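**Q** Take this structure first; my questions come after.
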Amino acid sequence: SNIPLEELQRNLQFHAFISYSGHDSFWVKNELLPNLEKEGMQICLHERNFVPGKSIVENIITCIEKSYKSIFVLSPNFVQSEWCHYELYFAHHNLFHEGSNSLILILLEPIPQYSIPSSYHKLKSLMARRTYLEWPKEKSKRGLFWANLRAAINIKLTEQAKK
């Protein structure tokens with residue numbers, strides 16, 4: 001017995017979600033919030049009252065399934081404080097590809113590579129994704145950040161690997 005198409009149904013719930021830490025939650029809500037909300041898109045951010053009896057490890061990858069785009073901020077407090085919560089991400093690989101046009105990388109703060117453990121493949125992997133956005137120290141440079149962020153989405157990565 002083959003199930004028809006009518007039986008299977010799929011729909012979107014959110015436009016995009018951001019992944020940050022409480023340490024830099026203010027900046028995200030004082031920069032990213034006003035940066036995304038400005039467009040009027042459904043931004044899925046952290047919110048009290050978490051769903052009980054639901055593993056978070058899966059939510060990390062699920063966020064992309066329920067959302068249209070995945071936004072993550074590269075900060076030190078993330079691996080310094082949320083080294084475990086993020087560690088789970090490692091197990092997840094299909095979460096997203098390299099040539100994905102629905103991901104926004106924002107480097108809120110620098111991160112020490114020497115500290116990056118060999119086991120941390122997801123973190124060290126950044127070495128290749130170093131072509132992400134960086135938060136400027138000057139206020140006048142802030143305009144460039146958002147500018148590059150958008151352009152980065154307009155451009156599509158180029159990767160080719162076959163045997």
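Labeling convention for the structure tokens: chains A, B, ... as they appear, residues from 1 per chain, ligands from 1 in order of appearance.
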Can you pull out every residue within 10 Å of residue 46 of chain A, counting only C-alpha atoms, but drop anything in the same chain fewer than 2 positions away, and send it as an NGL selection string?
**A** :A and (17-22 or 25 or 43-44 or 48-50)
**Q** With a distance cut-off of 9 Å and only C-alpha atoms, select the neighbouring residues of residue 67 of chain A, excluding the residue or stretch itself and same-chain residues fewer than 3 positions from it, and output the selection as a list in words.
**A** residues 12, 13, 14, 15, 16, 17, 42, 43, 44, 62, 63, 64 and 70 of chain A
**Q** Restricting the calculation to only C-alpha atoms, which member of A:160, A:2, A:154, A:140 is positioned closest to residue 102 of chain A?
**A** A:154
**Q** Could the residues of segment 42-93 of chain A that have an atom at most 7 Å from segment 105-110 of chain A be listed as a tab-separated table, each with its closest atom pair and the distance in Å to one decimal, counting only C-alpha atoms and ordered by chain and ascending residue number?
**A**
residue	atom	partner	partner_atom	distance
A:71	CA	A:105	CA	6.4
A:72	CA	A:105	CA	5.6
A:73	CA	A:106	CA	4.7
A:74	CA	A:107	CA	4.4
A:75	CA	A:109	CA	4.8
A:76	CA	A:109	CA	6.3
**Q** Could you write those residues out with N, CA, C and O atoms, as a PDB file, in the first residue's frame?
**A**
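Writing done, so here's result_14.pdb:
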ATOM      1  N   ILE A  71      19.848  31.049  12.427  1.00  0.00           N
ATOM      2  CA  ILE A  71      20.818  32.077  12.781  1.00  0.00           C
ATOM      3  C   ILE A  71      21.580  31.701  14.047  1.00  0.00           C
ATOM      4  O   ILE A  71      20.981  31.379  15.073  1.00  0.00           O
ATOM      5  N   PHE A  72      22.906  31.748  13.968  1.00  0.00           N
ATOM      6  CA  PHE A  72      23.752  31.412  15.108  1.00  0.00           C
ATOM      7  C   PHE A  72      24.849  32.456  15.296  1.00  0.00           C
ATOM      8  O   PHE A  72      25.423  32.952  14.327  1.00  0.00           O
ATOM      9  N   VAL A  73      25.134  32.785  16.553  1.00  0.00           N
ATOM     10  CA  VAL A  73      26.162  33.769  16.870  1.00  0.00           C
ATOM     11  C   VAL A  73      27.416  33.097  17.420  1.00  0.00           C
ATOM     12  O   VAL A  73      27.353  32.337  18.387  1.00  0.00           O
ATOM     13  N   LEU A  74      28.554  33.382  16.797  1.00  0.00           N
ATOM     14  CA  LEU A  74      29.824  32.805  17.224  1.00  0.00           C
ATOM     15  C   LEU A  74      30.444  33.625  18.350  1.00  0.00           C
ATOM     16  O   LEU A  74      31.109  34.631  18.106  1.00  0.00           O
ATOM     17  N   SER A  75      30.220  33.187  19.585  1.00  0.00           N
ATOM     18  CA  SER A  75      30.755  33.882  20.751  1.00  0.00           C
ATOM     19  C   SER A  75      31.541  32.924  21.641  1.00  0.00           C
ATOM     20  O   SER A  75      31.350  31.709  21.609  1.00  0.00           O
ATOM     21  N   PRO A  76      32.448  33.485  22.457  1.00  0.00           N
ATOM     22  CA  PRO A  76      33.280  32.699  23.372  1.00  0.00           C
ATOM     23  C   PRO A  76      32.474  32.100  24.519  1.00  0.00           C
ATOM     24  O   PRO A  76      32.661  30.938  24.880  1.00  0.00           O
TER      25      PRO A  76
END
**Q** So which one's closest to residue 91 of chain A, A:113, A:141, A:155, A:121? Using only C-alpha atoms, please.
**A**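 Looking at the shortest contact to residue 91 of chain A, the residue is A:121.
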**Q** Using only C-alpha atoms, pick whichever of A:7, A:87, A:138, A:98 has the shortest atom-to-atom distance to residue 123 of chain A.
**A**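 Answer, going by the shortest atom-to-atom distance: A:87.
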**Q** As a ChimeraX atom specification, please: every residue in segment 7-146 of chain A that a backbone DSSP assignment puts in strand (DSSP E or B).
**A** /A:14-19,43-44,67-73,103-107,133-134
**Q** Residues near residue 150 of chain A, anyone? I mean within 12 Å using only C-alpha atoms, not counting same-chain ones fewer than 6 positions away, as a count of residues only.
**A** 13
**Q** Taking the chain letters and numbering used in this document, name the residues of chain A that DSSP puts in helix (DSSP H, G or I), as a ChimeraX atom specification.
**A** /A:22-39,56-66,76-81,83-91,121-127,142-154
**Q** Which residue gives the smallest distance to residue 134 of chain A among A:11, A:30, A:148, A:94, with only C-alpha atoms counted?
**A** A:148
**Q** To one decimal place in Å, what is the distance between atom CA of residue 57 of chain A and atom CA of residue 95 of chain A?
**A**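 Straight-line distance from atom CA of residue 57 of chain A to atom CA of residue 95 of chain A works out to 11.5 Å.
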**Q** Work out how far apart atom CA of residue 61 of chain A and atom CA of residue 89 of chain A are and give it in Å to one decimal.
**A** 8.0 Å
